[PDB]
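**Student:** Can you read through this structure? Questions will come right after.
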Amino acid sequence: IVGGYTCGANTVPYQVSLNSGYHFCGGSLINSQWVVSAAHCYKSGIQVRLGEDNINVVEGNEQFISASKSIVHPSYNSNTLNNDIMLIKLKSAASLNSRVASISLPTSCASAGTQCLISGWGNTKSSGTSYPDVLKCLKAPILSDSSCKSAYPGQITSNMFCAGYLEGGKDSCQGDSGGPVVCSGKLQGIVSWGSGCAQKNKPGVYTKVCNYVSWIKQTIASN
Ligand SMILES: NC1CCCCCC1
Ligand SMILES: [Ca+2]
């Protein structure tokens with residue numbers, strides 16, 4: 001997260017870190033045994049880490065649970081990043097509490113102008129590299145479809161939205177991939193892609209979760 005703030009320990013209780021020897025992606029806990037992330041975060045050997053703040057120190061509220069399976073969206077295209085969504089099932093159910101909690105799926109899509117919370121352990125620099133150990137947060141509005149399409153001609157599908165600031169300076173970045181965009185207590189987006197981070201007229205692009213609610217529910221119900 002570039003141009004954000006330190007969230008505070010366990011203030012984003014649905015935020016997970018995906019770890020394969022190291023943090024490589026964010027995710028969102030949607031019930032006791034399932035996490036939603038980006039399809040471009042797919043890999044084998046995933047351990048889901050819940051209750052994290054400092055991802056380099058065991059602080060006492062963590063639960064470490066290996067994934068039993070991952071399900072990438074059937075229509076995910078890794079070239080265009082259309083349908084950039086994946087479900088991860090935990091080998092055992094997480095113990096839910098104030099610091100480890102699921103985030104509700106949307107019942108309807110969020111509109112341009114809606115204020116959202118974006119979070120993750122990604123790069124905090126727009127040029128060069130610095131990775132924070134503690135969770136970073138960014139408050140950012142959803143942008144209009146027209147401004148999103150104007151920013152990224154030929155690349156924005158009906159399964160994507162832009163959020164952030166056309167002036168730059170505030171954005172998600174490398175390592176935030178797969179993490180949450182939460183608006184009015186609902187998971188509306190997944191950190192997906194962008195051209196660099198925090199660059200003028202290149203806001204972050206996010207997977208439009210409301211389009212996938214039926215798929216998520218049905219997949220969970222049979223897996
Ligand atoms: N805003 C994006 C975050 C996802 C990873 C690519 C970097 C820029
Ligand atoms: Ca920790």
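Chains: A, B, ... in order of the structure tokens. Residues: from 1 per chain. Ligands: from 1, in order shown.
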Counting only C-alpha atoms and all ligand atoms, which residues of chain A fall within 9 Å of ligand 2, and what is the closest atom pair for each with its distance in Å at one decimal, ordered by chain and rising number, as CSV?
**Tutor:**
residue,atom,partner,partner_atom_place_in_ligand_line,distance
A:49,CA,ligand 2,1 (Ca),8.5
A:50,CA,ligand 2,1 (Ca),8.8
A:51,CA,ligand 2,1 (Ca),7.5
A:52,CA,ligand 2,1 (Ca),4.7
A:53,CA,ligand 2,1 (Ca),5.4
A:54,CA,ligand 2,1 (Ca),4.5
A:55,CA,ligand 2,1 (Ca),4.2
A:56,CA,ligand 2,1 (Ca),5.7
A:57,CA,ligand 2,1 (Ca),4.5
A:58,CA,ligand 2,1 (Ca),4.2
A:59,CA,ligand 2,1 (Ca),5.2
A:60,CA,ligand 2,1 (Ca),7.4
A:61,CA,ligand 2,1 (Ca),7.6
A:62,CA,ligand 2,1 (Ca),6.2
A:133,CA,ligand 2,1 (Ca),8.7
A:134,CA,ligand 2,1 (Ca),8.5
**Student:** Restrict the selected residues to N, CA, C and O atoms and save them as a PDB file, in the first residue's frame.
**Tutor:**
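Once written, part-v2.pdb looks like this:
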ATOM      1  N   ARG A  49      -2.524 -17.580   6.737  1.00  0.00           N
ATOM      2  CA  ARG A  49      -2.185 -17.001   8.033  1.00  0.00           C
ATOM      3  C   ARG A  49      -3.204 -15.935   8.421  1.00  0.00           C
ATOM      4  O   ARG A  49      -3.295 -14.880   7.781  1.00  0.00           O
ATOM      5  N   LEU A  50      -3.986 -16.248   9.453  1.00  0.00           N
ATOM      6  CA  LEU A  50      -5.036 -15.370   9.955  1.00  0.00           C
ATOM      7  C   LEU A  50      -4.571 -14.708  11.235  1.00  0.00           C
ATOM      8  O   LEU A  50      -3.635 -15.182  11.871  1.00  0.00           O
ATOM      9  N   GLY A  51      -5.244 -13.625  11.616  1.00  0.00           N
ATOM     10  CA  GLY A  51      -4.935 -12.917  12.851  1.00  0.00           C
ATOM     11  C   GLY A  51      -3.578 -12.230  12.850  1.00  0.00           C
ATOM     12  O   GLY A  51      -3.009 -11.988  13.913  1.00  0.00           O
ATOM     13  N   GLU A  52      -3.065 -11.917  11.659  1.00  0.00           N
ATOM     14  CA  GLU A  52      -1.735 -11.320  11.514  1.00  0.00           C
ATOM     15  C   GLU A  52      -1.751  -9.807  11.632  1.00  0.00           C
ATOM     16  O   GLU A  52      -2.651  -9.149  11.112  1.00  0.00           O
ATOM     17  N   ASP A  53      -0.738  -9.260  12.298  1.00  0.00           N
ATOM     18  CA  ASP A  53      -0.361  -7.870  12.081  1.00  0.00           C
ATOM     19  C   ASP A  53       1.065  -7.857  11.546  1.00  0.00           C
ATOM     20  O   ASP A  53       1.256  -7.794  10.336  1.00  0.00           O
ATOM     21  N   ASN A  54       2.065  -7.945  12.416  1.00  0.00           N
ATOM     22  CA  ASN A  54       3.435  -8.057  11.939  1.00  0.00           C
ATOM     23  C   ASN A  54       3.650  -9.470  11.409  1.00  0.00           C
ATOM     24  O   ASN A  54       3.653 -10.418  12.179  1.00  0.00           O
ATOM     25  N   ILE A  55       3.826  -9.616  10.101  1.00  0.00           N
ATOM     26  CA  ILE A  55       3.939 -10.950   9.498  1.00  0.00           C
ATOM     27  C   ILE A  55       5.295 -11.622   9.753  1.00  0.00           C
ATOM     28  O   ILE A  55       5.457 -12.804   9.444  1.00  0.00           O
ATOM     29  N   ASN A  56       6.246 -10.887  10.336  1.00  0.00           N
ATOM     30  CA  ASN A  56       7.568 -11.436  10.666  1.00  0.00           C
ATOM     31  C   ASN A  56       7.740 -11.842  12.141  1.00  0.00           C
ATOM     32  O   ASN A  56       8.755 -12.447  12.500  1.00  0.00           O
ATOM     33  N   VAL A  57       6.747 -11.536  12.975  1.00  0.00           N
ATOM     34  CA  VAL A  57       6.813 -11.810  14.412  1.00  0.00           C
ATOM     35  C   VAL A  57       5.549 -12.528  14.870  1.00  0.00           C
ATOM     36  O   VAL A  57       4.449 -12.136  14.486  1.00  0.00           O
ATOM     37  N   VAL A  58       5.691 -13.564  15.690  1.00  0.00           N
ATOM     38  CA  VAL A  58       4.522 -14.229  16.274  1.00  0.00           C
ATOM     39  C   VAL A  58       4.078 -13.398  17.467  1.00  0.00           C
ATOM     40  O   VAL A  58       4.787 -13.330  18.478  1.00  0.00           O
ATOM     41  N   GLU A  59       2.919 -12.751  17.337  1.00  0.00           N
ATOM     42  CA  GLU A  59       2.445 -11.785  18.327  1.00  0.00           C
ATOM     43  C   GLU A  59       1.331 -12.317  19.239  1.00  0.00           C
ATOM     44  O   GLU A  59       0.992 -11.673  20.242  1.00  0.00           O
ATOM     45  N   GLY A  60       0.751 -13.466  18.890  1.00  0.00           N
ATOM     46  CA  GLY A  60      -0.136 -14.201  19.799  1.00  0.00           C
ATOM     47  C   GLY A  60      -1.581 -14.382  19.365  1.00  0.00           C
ATOM     48  O   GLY A  60      -2.343 -15.080  20.038  1.00  0.00           O
ATOM     49  N   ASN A  61      -1.980 -13.761  18.259  1.00  0.00           N
ATOM     50  CA  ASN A  61      -3.348 -13.898  17.764  1.00  0.00           C
ATOM     51  C   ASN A  61      -3.448 -14.636  16.432  1.00  0.00           C
ATOM     52  O   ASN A  61      -4.528 -14.729  15.852  1.00  0.00           O
ATOM     53  N   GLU A  62      -2.331 -15.181  15.965  1.00  0.00           N
ATOM     54  CA  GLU A  62      -2.307 -15.861  14.677  1.00  0.00           C
ATOM     55  C   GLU A  62      -2.958 -17.232  14.712  1.00  0.00           C
ATOM     56  O   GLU A  62      -2.929 -17.926  15.728  1.00  0.00           O
ATOM     57  N   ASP A 133       6.253  -4.610   7.646  1.00  0.00           N
ATOM     58  CA  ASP A 133       5.995  -5.848   8.353  1.00  0.00           C
ATOM     59  C   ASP A 133       4.548  -5.846   8.866  1.00  0.00           C
ATOM     60  O   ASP A 133       3.918  -6.902   8.953  1.00  0.00           O
ATOM     61  N   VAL A 134       4.028  -4.660   9.192  1.00  0.00           N
ATOM     62  CA  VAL A 134       2.661  -4.528   9.731  1.00  0.00           C
ATOM     63  C   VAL A 134       1.658  -4.176   8.638  1.00  0.00           C
ATOM     64  O   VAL A 134       2.029  -3.658   7.593  1.00  0.00           O
TER      65      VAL A 134
END
**Student:** Would you please extract all strand (DSSP E or B) residues from region 185-216 of chain A, as assigned by DSSP on the backbone, and give them as a PyMOL selection string?
**Tutor:** chain A and resi 186-193+199+202+204-208
**Student:** If you keep N, CA and C atoms, can you produce a file of those selected residues as a PDB file, in the first residue's frame?
**Tutor:**
ATOM      1  N   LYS A 186     -18.936  -4.810   3.241  1.00  0.00           N
ATOM      2  CA  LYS A 186     -19.043  -5.883   2.244  1.00  0.00           C
ATOM      3  C   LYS A 186     -17.766  -5.970   1.414  1.00  0.00           C
ATOM      4  N   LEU A 187     -17.370  -7.186   1.050  1.00  0.00           N
ATOM      5  CA  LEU A 187     -16.214  -7.392   0.176  1.00  0.00           C
ATOM      6  C   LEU A 187     -16.611  -7.103  -1.270  1.00  0.00           C
ATOM      7  N   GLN A 188     -16.256  -5.926  -1.770  1.00  0.00           N
ATOM      8  CA  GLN A 188     -16.631  -5.534  -3.129  1.00  0.00           C
ATOM      9  C   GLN A 188     -15.518  -5.752  -4.147  1.00  0.00           C
ATOM     10  N   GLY A 189     -14.271  -5.802  -3.692  1.00  0.00           N
ATOM     11  CA  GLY A 189     -13.159  -5.958  -4.620  1.00  0.00           C
ATOM     12  C   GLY A 189     -12.025  -6.822  -4.111  1.00  0.00           C
ATOM     13  N   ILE A 190     -11.205  -7.271  -5.056  1.00  0.00           N
ATOM     14  CA  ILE A 190      -9.976  -8.002  -4.786  1.00  0.00           C
ATOM     15  C   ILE A 190      -8.850  -7.269  -5.509  1.00  0.00           C
ATOM     16  N   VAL A 191      -7.736  -7.043  -4.819  1.00  0.00           N
ATOM     17  CA  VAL A 191      -6.576  -6.362  -5.421  1.00  0.00           C
ATOM     18  C   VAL A 191      -6.079  -7.189  -6.605  1.00  0.00           C
ATOM     19  N   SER A 192      -6.147  -6.609  -7.805  1.00  0.00           N
ATOM     20  CA  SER A 192      -5.905  -7.368  -9.036  1.00  0.00           C
ATOM     21  C   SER A 192      -4.701  -6.857  -9.831  1.00  0.00           C
ATOM     22  N   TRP A 193      -4.788  -5.641 -10.360  1.00  0.00           N
ATOM     23  CA  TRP A 193      -3.717  -5.118 -11.211  1.00  0.00           C
ATOM     24  C   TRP A 193      -3.709  -3.606 -11.360  1.00  0.00           C
ATOM     25  N   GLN A 199       0.694   5.911  -9.621  1.00  0.00           N
ATOM     26  CA  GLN A 199       1.072   6.789 -10.724  1.00  0.00           C
ATOM     27  C   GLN A 199      -0.135   7.623 -11.141  1.00  0.00           C
ATOM     28  N   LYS A 202      -3.298   6.346 -13.314  1.00  0.00           N
ATOM     29  CA  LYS A 202      -3.225   4.890 -13.345  1.00  0.00           C
ATOM     30  C   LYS A 202      -3.651   4.332 -11.992  1.00  0.00           C
ATOM     31  N   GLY A 204      -5.511   1.829  -9.186  1.00  0.00           N
ATOM     32  CA  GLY A 204      -5.586   0.388  -9.041  1.00  0.00           C
ATOM     33  C   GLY A 204      -6.846  -0.179  -9.662  1.00  0.00           C
ATOM     34  N   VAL A 205      -6.729  -1.392 -10.200  1.00  0.00           N
ATOM     35  CA  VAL A 205      -7.858  -2.110 -10.779  1.00  0.00           C
ATOM     36  C   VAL A 205      -8.153  -3.327  -9.913  1.00  0.00           C
ATOM     37  N   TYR A 206      -9.445  -3.567  -9.702  1.00  0.00           N
ATOM     38  CA  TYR A 206      -9.932  -4.538  -8.730  1.00  0.00           C
ATOM     39  C   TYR A 206     -10.976  -5.469  -9.339  1.00  0.00           C
ATOM     40  N   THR A 207     -10.944  -6.732  -8.924  1.00  0.00           N
ATOM     41  CA  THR A 207     -11.938  -7.703  -9.361  1.00  0.00           C
ATOM     42  C   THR A 207     -13.287  -7.357  -8.749  1.00  0.00           C
ATOM     43  N   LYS A 208     -14.324  -7.333  -9.582  1.00  0.00           N
ATOM     44  CA  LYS A 208     -15.664  -6.926  -9.165  1.00  0.00           C
ATOM     45  C   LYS A 208     -16.394  -8.115  -8.532  1.00  0.00           C
TER      46      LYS A 208
END
**Student:** Could the residues of chain A that have an atom at most 12 Å from ligand 1 be listed as a tab-separated table, each with its closest atom pair and the distance in Å to one decimal, counting only C-alpha atoms and all ligand atoms and ordered by chain and ascending residue number?
**Tutor:**
residue	atom	partner	partner_atom_place_in_ligand_line	distance
A:1	CA	ligand 1	3 (C)	8.3
A:2	CA	ligand 1	1 (N)	9.2
A:24	CA	ligand 1	5 (C)	10.8
A:25	CA	ligand 1	5 (C)	9.4
A:26	CA	ligand 1	4 (C)	10.2
A:37	CA	ligand 1	4 (C)	11.8
A:38	CA	ligand 1	4 (C)	9.6
A:39	CA	ligand 1	4 (C)	11.9
A:40	CA	ligand 1	5 (C)	9.5
A:41	CA	ligand 1	5 (C)	10.1
A:81	CA	ligand 1	4 (C)	11.2
A:84	CA	ligand 1	4 (C)	11.2
A:118	CA	ligand 1	1 (N)	10.4
A:119	CA	ligand 1	3 (C)	10.7
A:120	CA	ligand 1	3 (C)	9.9
A:121	CA	ligand 1	3 (C)	11.1
A:122	CA	ligand 1	3 (C)	8.3
A:123	CA	ligand 1	7 (C)	8.9
A:124	CA	ligand 1	7 (C)	11.0
A:125	CA	ligand 1	7 (C)	11.0
A:126	CA	ligand 1	8 (C)	9.4
A:127	CA	ligand 1	7 (C)	11.7
A:138	CA	ligand 1	1 (N)	11.8
A:161	CA	ligand 1	1 (N)	11.5
A:162	CA	ligand 1	1 (N)	9.4
A:163	CA	ligand 1	1 (N)	9.1
A:164	CA	ligand 1	1 (N)	9.2
A:165	CA	ligand 1	1 (N)	11.2
A:168	CA	ligand 1	1 (N)	11.0
A:169	CA	ligand 1	1 (N)	11.4
A:170	CA	ligand 1	1 (N)	9.5
A:171	CA	ligand 1	1 (N)	5.8
A:172	CA	ligand 1	1 (N)	4.2
A:173	CA	ligand 1	3 (C)	3.9
A:174	CA	ligand 1	5 (C)	4.4
A:175	CA	ligand 1	5 (C)	6.5
A:176	CA	ligand 1	4 (C)	5.9
A:177	CA	ligand 1	4 (C)	4.6
A:178	CA	ligand 1	4 (C)	7.8
A:179	CA	ligand 1	4 (C)	9.0
A:180	CA	ligand 1	3 (C)	11.3
A:181	CA	ligand 1	3 (C)	11.6
A:189	CA	ligand 1	4 (C)	11.9
A:190	CA	ligand 1	4 (C)	9.2
A:191	CA	ligand 1	4 (C)	5.5
A:192	CA	ligand 1	4 (C)	4.9
A:193	CA	ligand 1	4 (C)	4.1
A:194	CA	ligand 1	8 (C)	4.2
A:195	CA	ligand 1	8 (C)	6.0
A:196	CA	ligand 1	8 (C)	5.2
A:197	CA	ligand 1	8 (C)	4.8
A:198	CA	ligand 1	1 (N)	7.5
A:199	CA	ligand 1	8 (C)	9.5
A:202	CA	ligand 1	1 (N)	8.6
A:203	CA	ligand 1	1 (N)	6.8
A:204	CA	ligand 1	1 (N)	3.9
A:205	CA	ligand 1	1 (N)	6.2
A:206	CA	ligand 1	1 (N)	8.1
A:207	CA	ligand 1	4 (C)	10.7
**Student:** Given only C-alpha atoms, how would the per-residue table for region 137-176 of chain A near region 93-114 of chain A read, listing every residue at most 7 Å away with its closest atom pair and distance in Å to one decimal, sorted by chain and number, as JSON lines?
**Tutor:**
{"residue": "A:141", "atom": "CA", "partner": "A:113", "partner_atom": "CA", "distance": 5.3}
{"residue": "A:142", "atom": "CA", "partner": "A:112", "partner_atom": "CA", "distance": 4.7}
{"residue": "A:143", "atom": "CA", "partner": "A:112", "partner_atom": "CA", "distance": 4.9}
{"residue": "A:144", "atom": "CA", "partner": "A:112", "partner_atom": "CA", "distance": 4.9}
**Student:** Please compute the CA of residue 210 (chain A)-CA of residue 159 (chain A) distance, one decimal, in Å.
**Tutor:**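 Going from CA of residue 210 (chain A) over to CA of residue 159 (chain A), I get 8.8 Å.
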**Student:** Quick one: pick out all helix (DSSP H, G or I) residues within region 8-214 of chain A from a backbone DSSP run and write them as a list in words.
**Tutor:**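 Result set for region 8-214 of chain A (helix (DSSP H, G or I)): residues 39, 40, 41, 145, 146, 147, 148, 149, 150, 151, 209, 210, 211, 212, 213 and 214 of chain A.
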**Student:** Do you have the CA of residue 34 (chain A)-CA of residue 115 (chain A) distance handy?
**Tutor:**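 Interatomic distance, CA of residue 34 (chain A) to CA of residue 115 (chain A): 25.6 Å.
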**Student:** Would you please work out which residue, of A:48, A:117, A:156, A:151, is nearest to residue 137 (chain A) when using only C-alpha atoms?
**Tutor:**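 Of all the options, A:117 lies closest to residue 137 (chain A).
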